[PDB]
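Note that each Cβ is placed from the backbone with ideal geometry, even for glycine, and that neighbours are counted across all protein chains shown. Coordinate-derived values only; no laboratory data.
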Amino acid sequence: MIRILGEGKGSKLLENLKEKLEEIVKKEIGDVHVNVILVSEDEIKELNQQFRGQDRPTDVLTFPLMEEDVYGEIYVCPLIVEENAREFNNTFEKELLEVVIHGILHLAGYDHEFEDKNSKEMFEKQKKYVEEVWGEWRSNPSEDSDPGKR
């Protein structure tokens, strides 16, 4: 029951582990609506100024709203994320999964608090759904060619 909007490698990846998230969301309560906006680097570059009025890319754009859960629209950009995963040889899937669960994990616990940005709770609670949701994609690690690891 997740809302997908925008465009860019993310939806197809979401639709893959869509139900996966529907589980965590369903667990918590099962009545949330997270609108994700897929936008590339440039797409976000402007989208940023479109509201922030500033010209600068970012990892992921979050929607300013403090309600029960969220029921808002957050924007993500796997362009910059991947760029980091490139050097950090990180799994764009996880890095993306974060922003994915970032919506659920949000209403998953804290409610209009997120004191000091995040806490040890949000960290582990975030890695919980991450590993849980990634538990599926896990069957497809690497996500890259890498003519080495066998």
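For the chain, the residue among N84, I104, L38 whose Cα projects farthest onto the positive side of the dipole built from Cβ charges is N84.
Think of each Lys and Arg Cβ as +1 and each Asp and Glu Cβ as -1; about the Cα centre, that makes the dipole of the chain roughly 400 debye. Here the range 97-134 and the range 69-84 have alpha carbon centers that stand 14 Å from each other. For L61, nonlocal amide neighbours, meaning residues 5 or more places apart or on other chains whose placed amide H falls under 5 Å from its own, are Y75, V76, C77.
Looking at the chain, the DSSP beta bridges with both ends there are about 20 percent antiparallel.
Straight Cα distances below 12 angstrom link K128 to the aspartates and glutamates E98, with same-chain residues fewer than 8 positions distant left out. Legend: residue pairs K27/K94; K18/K94; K20/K127, Cα-Cα distance threshold 18 Å; pairs beyond threshold, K27/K94.
A rounded overall shape is assigned to the range 1-129, the ratio a/c of its alpha-carbon gyration tensor axes (a ≥ b ≥ c) being less than 1.5.
Evaluating 6.51 cos²θ - 1.76 cosθ + 1.60 at θ = phi - 60° for every residue in the range 29-46, the Karplus couplings come out as 8, x, 6, 10, 9, 9, 8, 9, 10, 7, 9, 6, 5, 5, 4, 7, 3, 7 Hz, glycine and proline recorded as x.
Using C-alpha pairs under 8 Å with a sequence gap of at least 6, the mean separation divided by the residue count of the chain gives a relative contact order of 22 percent.
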